[PDB]
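Encoded as structure tokens, the structure appears first; notes follow it.
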Amino acid sequence: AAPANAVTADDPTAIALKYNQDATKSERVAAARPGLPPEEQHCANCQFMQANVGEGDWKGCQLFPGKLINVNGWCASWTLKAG
Ligand code: SF4
């Protein structure tokens, strides 16, 4: 069950970025974002995931202020967690 402030499928930014709370139901292979092979990409290893926001599998994303993403999700702004 998603938190009340989870990013949802009719959020206009979710649509533009092709966000899905489940990376296995995403277009990460088509996007081929750099940094890791696409099958290895999800929010937990993305630079914009905020691990001090949320709880459990539902964490912050800098690009979605006031909301929570799922650590197992993905979107086209995926960027390797480098620091
Ligand atoms: S920017 Fe990164 S953390 Fe935020 S939704 Fe997209 S893949 Fe997940």
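The deposited model was determined using X-ray crystallography, 1.4 Å.
Yeah, the Cβs are placed from backbone N, Cα and C, and that goes for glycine too.
Annotation note: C46 ([4Fe-4S] cluster binding site) sits in a strand segment as assigned by DSSP. The Cβ of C46 ([4Fe-4S] cluster binding site) has 24 other Cβ atoms within 10 Å, all protein chains considered. Sequence annotations record features per position, and here Swiss-Prot assigns [4Fe-4S] cluster binding site to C43, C46, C61, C75.
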For the binding-site residues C43, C75, work out the Cβ neighbour count at 10 Å and name the residue with the minimum.
-> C43
Number of Cβ atoms other than its own within 10 Å, given for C61 ([4Fe-4S] cluster binding site) = 25
